[PDB]
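**Q** File final.cif follows (mmCIF, C-alpha atoms and all ligand atoms):
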```cif
data_my_file
#
loop_
_atom_site.label_atom_id
_atom_site.label_comp_id
_atom_site.auth_asym_id
_atom_site.auth_seq_id
_atom_site.Cartn_x
_atom_site.Cartn_y
_atom_site.Cartn_z
CA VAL A 3 -11.47 -71.51 80.01
CA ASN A 4 -13.59 -68.52 81.04
CA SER A 5 -16.98 -67.88 82.66
CA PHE A 6 -18.94 -66.73 79.59
CA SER A 7 -22.00 -68.98 79.24
CA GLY A 8 -24.52 -69.73 76.50
CA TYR A 9 -22.67 -68.17 73.57
CA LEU A 10 -22.95 -69.42 70.03
CA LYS A 11 -19.43 -69.89 68.62
CA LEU A 12 -19.07 -68.10 65.29
CA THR A 13 -15.34 -68.49 64.55
CA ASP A 14 -12.09 -69.43 66.24
CA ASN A 15 -12.26 -66.23 68.31
CA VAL A 16 -15.76 -64.67 67.99
CA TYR A 17 -18.83 -65.66 70.03
CA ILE A 18 -22.35 -64.18 70.06
CA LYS A 19 -25.37 -64.23 72.38
CA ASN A 20 -28.76 -62.54 72.83
CA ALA A 21 -28.13 -60.61 76.02
CA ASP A 22 -28.33 -57.25 77.76
CA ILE A 23 -24.67 -56.24 78.04
CA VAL A 24 -25.40 -54.58 81.39
CA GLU A 25 -26.79 -57.78 82.90
CA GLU A 26 -24.02 -59.86 81.30
CA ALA A 27 -21.35 -57.55 82.72
CA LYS A 28 -22.75 -57.79 86.24
CA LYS A 29 -22.77 -61.60 86.08
CA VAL A 30 -19.34 -62.24 84.56
CA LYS A 31 -17.41 -59.19 85.79
CA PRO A 32 -15.09 -59.45 82.77
CA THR A 33 -11.65 -57.93 82.57
CA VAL A 34 -12.86 -55.63 79.77
CA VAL A 35 -16.33 -54.44 78.82
CA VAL A 36 -16.54 -52.38 75.63
CA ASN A 37 -18.66 -49.23 75.56
CA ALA A 38 -20.14 -47.93 72.31
CA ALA A 39 -18.87 -44.41 73.00
CA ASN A 40 -18.92 -41.08 71.20
CA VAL A 41 -15.90 -38.77 70.95
CA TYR A 42 -17.12 -36.64 73.88
CA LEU A 43 -17.76 -39.65 76.15
CA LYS A 44 -21.31 -38.33 76.67
CA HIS A 45 -23.07 -41.54 77.69
CA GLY A 46 -26.65 -40.55 77.00
CA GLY A 47 -28.35 -43.47 75.26
CA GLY A 48 -27.90 -46.82 73.60
CA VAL A 49 -25.27 -49.06 75.14
CA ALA A 50 -23.41 -46.08 76.60
CA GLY A 51 -26.41 -44.64 78.41
CA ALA A 52 -27.29 -48.06 79.80
CA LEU A 53 -23.78 -48.88 81.04
CA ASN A 54 -23.44 -45.48 82.67
CA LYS A 55 -26.80 -45.81 84.44
CA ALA A 56 -25.66 -49.14 85.90
CA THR A 57 -22.61 -47.34 87.41
CA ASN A 58 -24.87 -44.76 89.09
CA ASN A 59 -23.30 -42.07 86.81
CA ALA A 60 -19.75 -42.79 88.03
CA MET A 61 -18.74 -43.63 84.45
CA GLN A 62 -19.90 -40.17 83.31
CA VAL A 63 -18.07 -38.40 86.17
CA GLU A 64 -14.83 -40.21 85.31
CA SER A 65 -15.36 -39.56 81.60
CA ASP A 66 -15.87 -35.81 82.09
CA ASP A 67 -12.54 -35.59 83.90
CA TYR A 68 -10.89 -37.61 81.09
CA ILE A 69 -12.20 -35.20 78.43
CA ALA A 70 -11.29 -32.11 80.46
CA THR A 71 -7.69 -33.37 80.58
CA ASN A 72 -7.28 -34.99 77.15
CA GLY A 73 -9.91 -33.60 74.79
CA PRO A 74 -12.19 -35.67 72.58
CA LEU A 75 -11.38 -39.08 71.18
CA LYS A 76 -11.04 -39.70 67.45
CA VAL A 77 -13.74 -41.50 65.51
CA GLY A 78 -12.24 -44.98 65.28
CA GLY A 79 -10.30 -44.46 68.51
CA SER A 80 -10.61 -45.59 72.11
CA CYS A 81 -9.51 -45.09 75.68
CA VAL A 82 -9.29 -47.42 78.68
CA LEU A 83 -11.09 -46.24 81.81
CA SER A 84 -12.46 -47.94 84.91
CA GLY A 85 -15.08 -50.66 84.62
CA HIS A 86 -16.58 -49.49 87.94
CA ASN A 87 -18.96 -52.16 89.32
CA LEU A 88 -19.32 -53.87 85.92
CA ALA A 89 -15.81 -54.98 84.91
CA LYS A 90 -12.19 -54.32 85.75
CA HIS A 91 -11.83 -51.95 82.78
CA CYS A 92 -14.10 -50.27 80.26
CA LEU A 93 -12.71 -49.86 76.74
CA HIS A 94 -14.60 -46.87 75.31
CA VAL A 95 -14.55 -47.34 71.51
CA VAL A 96 -15.91 -44.81 69.02
CA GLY A 97 -17.46 -46.39 65.96
CA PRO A 98 -18.71 -44.04 63.25
CA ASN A 99 -22.24 -42.73 63.74
CA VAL A 100 -23.99 -42.90 60.36
CA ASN A 101 -26.67 -40.55 61.70
CA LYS A 102 -23.87 -37.94 61.95
CA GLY A 103 -22.51 -38.51 58.43
CA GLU A 104 -19.37 -40.25 59.69
CA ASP A 105 -17.44 -42.57 57.37
CA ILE A 106 -18.49 -46.21 57.78
CA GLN A 107 -14.97 -47.18 56.64
CA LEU A 108 -13.81 -46.12 60.12
CA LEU A 109 -15.57 -49.17 61.58
CA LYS A 110 -12.56 -51.42 60.91
CA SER A 111 -10.26 -48.98 62.72
CA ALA A 112 -12.70 -48.98 65.65
CA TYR A 113 -12.64 -52.78 65.92
CA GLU A 114 -8.81 -52.82 65.75
CA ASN A 115 -8.83 -51.40 69.29
CA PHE A 116 -10.18 -54.75 70.50
CA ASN A 117 -6.91 -56.47 69.50
CA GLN A 118 -5.11 -54.77 72.41
CA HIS A 119 -7.08 -56.96 74.86
CA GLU A 120 -6.98 -60.74 75.09
CA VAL A 121 -10.69 -61.16 76.00
CA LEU A 122 -13.58 -58.68 75.81
CA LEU A 123 -17.33 -58.42 76.28
CA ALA A 124 -18.61 -56.10 73.58
CA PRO A 125 -21.54 -54.79 71.54
CA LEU A 126 -21.63 -54.56 67.77
CA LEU A 127 -19.92 -51.26 67.05
CA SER A 128 -21.87 -48.62 65.11
CA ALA A 129 -25.11 -50.66 65.40
CA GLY A 130 -28.28 -49.55 67.15
CA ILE A 131 -28.60 -45.77 67.39
CA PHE A 132 -25.26 -45.31 65.58
CA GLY A 133 -27.14 -46.22 62.40
CA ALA A 134 -24.98 -48.86 60.69
CA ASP A 135 -26.14 -52.23 59.38
CA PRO A 136 -25.55 -54.75 62.21
CA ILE A 137 -24.89 -57.60 59.75
CA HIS A 138 -22.06 -55.53 58.30
CA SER A 139 -20.78 -54.64 61.77
CA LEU A 140 -20.61 -58.35 62.65
CA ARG A 141 -18.74 -59.08 59.41
CA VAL A 142 -16.17 -56.36 60.11
CA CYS A 143 -15.81 -57.65 63.68
CA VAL A 144 -15.09 -61.20 62.53
CA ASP A 145 -12.67 -60.00 59.84
CA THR A 146 -10.79 -57.57 62.13
CA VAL A 147 -10.74 -58.81 65.74
CA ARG A 148 -8.24 -61.58 66.43
CA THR A 149 -8.58 -61.67 70.22
CA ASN A 150 -11.46 -63.42 72.00
CA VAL A 151 -14.65 -61.37 71.76
CA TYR A 152 -18.01 -62.19 73.37
CA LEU A 153 -20.67 -60.16 71.54
CA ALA A 154 -23.90 -59.27 73.35
CA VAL A 155 -26.84 -58.48 71.06
CA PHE A 156 -29.69 -56.89 73.03
CA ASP A 157 -32.48 -57.39 70.49
CA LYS A 158 -33.59 -61.02 70.26
CA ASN A 159 -35.07 -60.54 66.80
CA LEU A 160 -31.80 -59.00 65.61
CA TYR A 161 -29.77 -61.82 67.17
CA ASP A 162 -31.68 -64.48 65.23
CA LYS A 163 -31.26 -62.49 62.02
CA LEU A 164 -27.53 -62.15 62.67
CA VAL A 165 -27.10 -65.88 63.37
CA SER A 166 -29.23 -67.05 60.45
CA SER A 167 -27.43 -64.74 58.01
CA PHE A 168 -23.87 -65.34 59.23
CA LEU A 169 -21.49 -66.60 56.56
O1 LIG B 201 -27.10 -54.95 70.66
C1 LIG B 201 -27.63 -53.78 70.06
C2 LIG B 201 -26.94 -52.55 70.78
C3 LIG B 201 -27.13 -51.22 70.00
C4 LIG B 201 -28.31 -50.55 70.65
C5 LIG B 201 -28.29 -51.05 72.09
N1 LIG B 201 -27.51 -52.30 72.14
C6 LIG B 201 -27.27 -52.98 73.31
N2 LIG B 201 -26.51 -54.12 73.17
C7 LIG B 201 -26.21 -54.89 74.27
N3 LIG B 201 -26.58 -54.65 75.53
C8 LIG B 201 -27.32 -53.52 75.66
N4 LIG B 201 -27.79 -53.09 76.88
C9 LIG B 201 -28.50 -51.90 76.68
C10 LIG B 201 -28.46 -51.59 75.32
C11 LIG B 201 -27.70 -52.62 74.63
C12 LIG B 201 -27.28 -53.74 68.55
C13 LIG B 201 -28.50 -53.22 67.97
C14 LIG B 201 -28.47 -52.73 66.64
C15 LIG B 201 -29.70 -52.24 66.18
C16 LIG B 201 -30.82 -52.25 66.94
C17 LIG B 201 -30.82 -52.74 68.26
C18 LIG B 201 -29.62 -53.23 68.76
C19 LIG B 201 -29.21 -53.82 70.07
#
```
Step by step, read the file and then write its structure as structure tokens.
**A**
Amino acid sequence: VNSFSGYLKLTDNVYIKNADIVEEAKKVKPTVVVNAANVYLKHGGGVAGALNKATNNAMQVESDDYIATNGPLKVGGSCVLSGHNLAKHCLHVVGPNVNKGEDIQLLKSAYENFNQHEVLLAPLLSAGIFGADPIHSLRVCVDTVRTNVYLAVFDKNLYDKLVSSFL
């Protein structure tokens, strides 16, 4: 039993809700919140810009030190950093950005990072400003993630389309 509330249950291990991931994170304080990161951990917009703003830029400060030490992530890769005031940990996961010409096939590799954590709050990877089809992202999520994932979909209209079209 966990403290996630109001989710529609899609599968044995995947749940979905219309919610602002920032506001959800502050309520539940999950062990792991997933950020929709880029390889440089530059948290400018989308989910990343919103999560960083909620940390008063502390996420960005920590991220800049991470990159200075380690260099960029791989597309499809991830790193675990602090969750600051939002969660215990933040799993920064890089899904391919279609608006950069990155291979959509890397989306499965990106979701595989979720399997290293028993429970996560997460957005649909590569959706929104990353340019991929959210219905496809949800399908890859369901077919790749085996751990317990609570998916927050910010757009109410998109949420209904995702639910109504789910196979
Ligand atoms: O869910 C979506 C993702 C990607 C963009 C932002 N976004 C958020 N999700 C959850 N919480 C959030 N808080 C702040 C932002 C945000 C997925 C998606 C895909 C296409 C179009 C709109 C959207 C909303």
**Q** Mind running region 35-73 of chain A against region 17-25 of chain A at 8 Å and telling me each contacting residue's nearest atom pair with the distance in Å (one decimal), counting only C-alpha atoms, chain and number ascending, as JSON lines?
**A**
```
{"residue": "A:49", "atom": "CA", "partner": "A:23", "partner_atom": "CA", "distance": 7.8}
{"residue": "A:52", "atom": "CA", "partner": "A:24", "partner_atom": "CA", "distance": 7.0}
{"residue": "A:53", "atom": "CA", "partner": "A:24", "partner_atom": "CA", "distance": 5.9}
{"residue": "A:56", "atom": "CA", "partner": "A:24", "partner_atom": "CA", "distance": 7.1}
```
**Q** Emit the selected residues as a PDB file, keeping the file's coordinate frame, including C-alpha atoms.
**A**
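Output file part.pdb is given in full below:
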```
ATOM      1  CA  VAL A  49     -25.270 -49.060  75.140  1.00  0.00           C
ATOM      2  CA  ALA A  52     -27.290 -48.060  79.800  1.00  0.00           C
ATOM      3  CA  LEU A  53     -23.780 -48.880  81.040  1.00  0.00           C
ATOM      4  CA  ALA A  56     -25.660 -49.140  85.900  1.00  0.00           C
TER       5      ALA A  56
END
```
**Q** If you count only C-alpha atoms, which residues fall within 6 Å of residue 147 (chain A), apart from same-chain ones fewer than 3 positions away, as a list in words?
**A**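 Using only C-alpha atoms, the neighbours found are residues 117, 143 and 144 of chain A.
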**Q** Kindly provide, as a PyMOL selection string, all nucleotide and amino acid residues lying within 8 Å of ligand LIG 201 (chain B), counting only C-alpha atoms and all ligand atoms.
**A** chain A and resi 21-25+48-53+124-136+154-157+160
**Q** Deliver the residues from the most recent selection as a file, using C-alpha atoms, as a PDB file, keeping the file's coordinate frame.
**A**
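again.pdb was written with the following content:
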```pdb
ATOM      1  CA  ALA A  21     -28.130 -60.610  76.020  1.00  0.00           C
ATOM      2  CA  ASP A  22     -28.330 -57.250  77.760  1.00  0.00           C
ATOM      3  CA  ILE A  23     -24.670 -56.240  78.040  1.00  0.00           C
ATOM      4  CA  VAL A  24     -25.400 -54.580  81.390  1.00  0.00           C
ATOM      5  CA  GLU A  25     -26.790 -57.780  82.900  1.00  0.00           C
ATOM      6  CA  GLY A  48     -27.900 -46.820  73.600  1.00  0.00           C
ATOM      7  CA  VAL A  49     -25.270 -49.060  75.140  1.00  0.00           C
ATOM      8  CA  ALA A  50     -23.410 -46.080  76.600  1.00  0.00           C
ATOM      9  CA  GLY A  51     -26.410 -44.640  78.410  1.00  0.00           C
ATOM     10  CA  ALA A  52     -27.290 -48.060  79.800  1.00  0.00           C
ATOM     11  CA  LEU A  53     -23.780 -48.880  81.040  1.00  0.00           C
ATOM     12  CA  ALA A 124     -18.610 -56.100  73.580  1.00  0.00           C
ATOM     13  CA  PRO A 125     -21.540 -54.790  71.540  1.00  0.00           C
ATOM     14  CA  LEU A 126     -21.630 -54.560  67.770  1.00  0.00           C
ATOM     15  CA  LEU A 127     -19.920 -51.260  67.050  1.00  0.00           C
ATOM     16  CA  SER A 128     -21.870 -48.620  65.110  1.00  0.00           C
ATOM     17  CA  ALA A 129     -25.110 -50.660  65.400  1.00  0.00           C
ATOM     18  CA  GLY A 130     -28.280 -49.550  67.150  1.00  0.00           C
ATOM     19  CA  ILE A 131     -28.600 -45.770  67.390  1.00  0.00           C
ATOM     20  CA  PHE A 132     -25.260 -45.310  65.580  1.00  0.00           C
ATOM     21  CA  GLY A 133     -27.140 -46.220  62.400  1.00  0.00           C
ATOM     22  CA  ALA A 134     -24.980 -48.860  60.690  1.00  0.00           C
ATOM     23  CA  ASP A 135     -26.140 -52.230  59.380  1.00  0.00           C
ATOM     24  CA  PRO A 136     -25.550 -54.750  62.210  1.00  0.00           C
ATOM     25  CA  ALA A 154     -23.900 -59.270  73.350  1.00  0.00           C
ATOM     26  CA  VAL A 155     -26.840 -58.480  71.060  1.00  0.00           C
ATOM     27  CA  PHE A 156     -29.690 -56.890  73.030  1.00  0.00           C
ATOM     28  CA  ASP A 157     -32.480 -57.390  70.490  1.00  0.00           C
ATOM     29  CA  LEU A 160     -31.800 -59.000  65.610  1.00  0.00           C
TER      30      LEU A 160
END
```
**Q** Can you tell me how far CA of residue 72 (chain A) sits from CA of residue 108 (chain A), in Å to one decimal?
**A**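 Spanning CA of residue 72 (chain A) to CA of residue 108 (chain A) is a straight-line distance of 21.4 Å.
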**Q** Around the point (-14.7, -61.1, 69.0) in the file's coordinates, collect all residues with an atom within 9 Å, using all atoms listed in the file, and return them as an MDAnalysis selection string.
**A** chainID A and resid 13 15:18 116 121:124 143:144 146:153
**Q** What are the nearest atom pairs, with distances in Å to one decimal, for all residues of region 8-47 of chain A that come at most 12 Å from region 73-97 of chain A, using only C-alpha atoms, set out by chain and rising residue number as JSON lines?
**A**
```
{"residue": "A:23", "atom": "CA", "partner": "A:88", "partner_atom": "CA", "distance": 9.8}
{"residue": "A:24", "atom": "CA", "partner": "A:88", "partner_atom": "CA", "distance": 7.6}
{"residue": "A:25", "atom": "CA", "partner": "A:88", "partner_atom": "CA", "distance": 9.0}
{"residue": "A:26", "atom": "CA", "partner": "A:88", "partner_atom": "CA", "distance": 8.9}
{"residue": "A:27", "atom": "CA", "partner": "A:88", "partner_atom": "CA", "distance": 5.3}
{"residue": "A:28", "atom": "CA", "partner": "A:88", "partner_atom": "CA", "distance": 5.2}
{"residue": "A:29", "atom": "CA", "partner": "A:88", "partner_atom": "CA", "distance": 8.5}
{"residue": "A:30", "atom": "CA", "partner": "A:89", "partner_atom": "CA", "distance": 8.1}
{"residue": "A:31", "atom": "CA", "partner": "A:89", "partner_atom": "CA", "distance": 4.6}
{"residue": "A:32", "atom": "CA", "partner": "A:89", "partner_atom": "CA", "distance": 5.0}
{"residue": "A:33", "atom": "CA", "partner": "A:90", "partner_atom": "CA", "distance": 4.8}
{"residue": "A:34", "atom": "CA", "partner": "A:91", "partner_atom": "CA", "distance": 4.9}
{"residue": "A:35", "atom": "CA", "partner": "A:92", "partner_atom": "CA", "distance": 4.9}
{"residue": "A:36", "atom": "CA", "partner": "A:93", "partner_atom": "CA", "distance": 4.7}
{"residue": "A:37", "atom": "CA", "partner": "A:94", "partner_atom": "CA", "distance": 4.7}
{"residue": "A:38", "atom": "CA", "partner": "A:95", "partner_atom": "CA", "distance": 5.7}
{"residue": "A:39", "atom": "CA", "partner": "A:96", "partner_atom": "CA", "distance": 5.0}
{"residue": "A:40", "atom": "CA", "partner": "A:96", "partner_atom": "CA", "distance": 5.3}
{"residue": "A:41", "atom": "CA", "partner": "A:75", "partner_atom": "CA", "distance": 4.5}
{"residue": "A:42", "atom": "CA", "partner": "A:74", "partner_atom": "CA", "distance": 5.2}
{"residue": "A:43", "atom": "CA", "partner": "A:74", "partner_atom": "CA", "distance": 7.7}
{"residue": "A:44", "atom": "CA", "partner": "A:74", "partner_atom": "CA", "distance": 10.3}
{"residue": "A:45", "atom": "CA", "partner": "A:94", "partner_atom": "CA", "distance": 10.3}
```
**Q** Find the distance between CA of residue 165 (chain A) and CA of residue 140 (chain A) and write it in Å to one decimal.
**A**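 Atom-to-atom, CA of residue 165 (chain A) and CA of residue 140 (chain A) are spaced 10.0 Å apart.
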